[PDB]
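J.: Shown below is the structure under consideration.
Number of protein chains: 2
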Amino acid sequence: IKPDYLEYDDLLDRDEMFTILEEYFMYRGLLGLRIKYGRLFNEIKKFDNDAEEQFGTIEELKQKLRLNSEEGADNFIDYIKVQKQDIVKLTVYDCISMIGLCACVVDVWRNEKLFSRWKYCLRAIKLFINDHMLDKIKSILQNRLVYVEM
Amino acid sequence: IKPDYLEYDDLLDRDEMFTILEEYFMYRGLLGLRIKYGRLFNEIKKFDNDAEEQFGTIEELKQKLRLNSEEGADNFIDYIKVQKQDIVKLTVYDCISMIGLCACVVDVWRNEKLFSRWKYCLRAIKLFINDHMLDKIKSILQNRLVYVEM
Numbered sequence: 013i014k015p016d017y018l019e020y021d022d023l024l025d026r027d028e029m030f031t032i033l034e035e036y037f038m039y040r041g042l043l044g045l046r047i048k049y050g051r052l053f054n055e056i057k058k059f060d061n062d063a064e065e066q067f068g069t070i071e072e073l074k075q076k077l078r079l080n081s082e083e084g085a086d087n088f089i090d091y092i093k094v095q096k097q098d099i100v101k102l103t104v105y106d107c108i109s110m111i112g113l114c115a116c117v118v119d120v121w122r123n124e125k126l127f128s129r130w131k132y133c134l135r136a137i138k139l140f141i142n143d144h145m146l147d148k149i150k151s152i153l154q155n156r157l158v159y160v161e162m
Numbered sequence: 013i014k015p016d017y018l019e020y021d022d023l024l025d026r027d028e029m030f031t032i033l034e035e036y037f038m039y040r041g042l043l044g045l046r047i048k049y050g051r052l053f054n055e056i057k058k059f060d061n062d063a064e065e066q067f068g069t070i071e072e073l074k075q076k077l078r079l080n081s082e083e084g085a086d087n088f089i090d091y092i093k094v095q096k097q098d099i100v101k102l103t104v105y106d107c108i109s110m111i112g113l114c115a116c117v118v119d120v121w122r123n124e125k126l127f128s129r130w131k132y133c134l135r136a137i138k139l140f141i142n143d144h145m146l147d148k149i150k151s152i153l154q155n156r157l158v159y160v161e162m
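Top to bottom, those sequences are chains A and B.
Mapping to my numbering: the first sequence position 93 is 105, numbers consecutive.
Mapping to my numbering: the second sequence position 72 is 84, numbers consecutive.
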């Protein structure tokens, strides 16, 4: 049995980055941010800052993609595919920003009670972030948590 | 990619009983019951009646097992082991009541904001309900859904 990541403070080598992200989008997407997070989820939360910088404000994105419309989730996936298509040399930081964007998007859906749309965040991550990039994100998070400790 | 089960109205061969129950406990444990459910979850919700008849009221269990205490999840698992011990020969209907019991317990934890405890419902199901029994539960649900169509 894997741990629950909601209040988890570490990122061990045996912890699977994809599972962490699944639990992150589940809890953020269903419960929201008025909940205590552990140090792990609190580090992932910091990715929101990167997202806003790379892709713009969530307000602008909400309007551009009509996120709460019937087509909103499909519009978000299309947007992610456009980014994947267009970024010439994808970096781990593009992927970090994309995780943050998914997180800001899942908030819009939660606030609207479109609870099941959190699943699209996972669909988006699988399209955009390969296993090599997941490993790089994992190592970044491990280093940042060590720095927080020390 | 499997469908989302929150608003799902069917139960097909490809839909796995354990995944359905994972999502049921996740959604009920995190969002609660003031949410639109599909026909599938609405049938599973009927298992609450079986639970109360077989195991007693949630108020009795909450007290007996000190569910919201530090030890509450472990007390719940101990209790599941007790029931399995005391049942002479387990039937599909014992397993149905047990699913309803998990559901009624997850409500108590949601209400207390012990949000990660829903995971213990899955541990309980794995201890109590084998794949043979899950198959039988699936058949029963499928039958009940046909009646709802008619």
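Where is the CB? At the ideal position from N, CA and C, for every residue including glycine.
(1) Which residues of chain A have a Cβ atom closer than 8 Å to the Cβ of residue 127(B), listed in chain order?
(2) What in chain B is Cβ-close to residue 131(A), meaning under 7 Å?
(3) Enumerate in chain order the residues of its own chain whose CB-to-CB distance from residue 15(B) is below 8 Å, with the five nearest sequence positions on each side excluded.
(4) How big is the Cα-Cα spacing for residue 130(A) and residue 100(B)?
(5) For the pair the region 106–119 of chain B and the region 58–69 of chain B, tell me if three or more CB-CB distances fall below 8 Å.
(6) How would you call residue 55(B), buried or exposed, if buried means at least 16 neighbouring beta carbons within 10 angstroms?
(7) Using a Cβ-Cβ cutoff of less than 8 Å, which residues in the same chain neighbour residue 147(A) once the five nearest sequence positions on both sides are dropped?
(8) Should residue 13(B) be flagged as near chain A, meaning a C-beta pair shorter than 8 Å?
(9) Measuring straight from C-alpha to C-alpha, what distance separates residue 76(B) and residue 52(B)?
(10) Rounded to the nearest angstrom, how far is the Cβ of residue 127(B) from that of residue 47(A), given a contact under 8 Å?
(11) Please tell me whether residue 133(A) and residue 68(A) are closer than 8 Å, where the distance is taken between their beta carbons.
(12) On a Cα-Cα basis, can you pick out the residue from 43(A), 136(A), 73(A) and 86(A) that is closest to residue 123(B)?
T.: Let's see:
(1) Taking the second sequence and counting its residues from 1, one reaches residue 127(B) at position 115. Ordered by position in chain A, the residues that pass the 8 Å Cβ test against residue 127(B) are 18, 39, 43 and 47.
(2) Counting from 1 along the first sequence, the entry for residue 131(A) is found at position 119. Within 7 Å Cβ-Cβ: 16.
(3) Along the second sequence, read from residue 1 onward, the residue named residue 15(B) stands at position 3. 27.
(4) Reading the first sequence from its first residue, position 118 is the one you call residue 130(A). Reading the second sequence from its first residue, position 88 is the one you call residue 100(B). Cα to Cα, residue 130(A) sits roughly 43 Å from residue 100(B).
(5) Result yes; three or more Cβ-Cβ pairs closer than 8 Å.
(6) Residue numbering aside, residue 55(B) sits at position 43 when the second sequence is read from its first letter. Residue 55(B) comes out buried.
(7) Sequence index remark: in the first sequence, residue 147(A) carries index 135 (1-based). Taken in chain order, the residues that qualify are 29.
(8) The residue given as residue 13(B) occupies position 1 in the second sequence. For residue 13(B), the answer is yes, since a Cβ of chain A falls inside 8 Å of its Cβ.
(9) Here the question's residue 76(B) lines up with position 64 in the second sequence. Here the question's residue 52(B) lines up with position 40 in the second sequence. Cα-Cα distance, rounded: 31 Å.
(10) Locating residue 127(B) in the second sequence gives position 115, where the first residue counts as 1. Locating residue 47(A) in the first sequence gives position 35, where the first residue counts as 1. Residue 127(B) to residue 47(A), Cβ: 7 Å. Contact.
(11) Counted from its first residue, the first sequence places residue 133(A) at position 121. Counted from its first residue, the first sequence places residue 68(A) at position 56. One thing to note: residue 133(A) has its Cβ no nearer than 8 Å to the Cβ of residue 68(A).
(12) Looking up residue 123(B) in the second sequence gives position 111. The alpha carbon of residue 123(B) has as its nearest neighbour, out of 43(A), 136(A), 73(A) and 86(A), the alpha carbon of 43(A).
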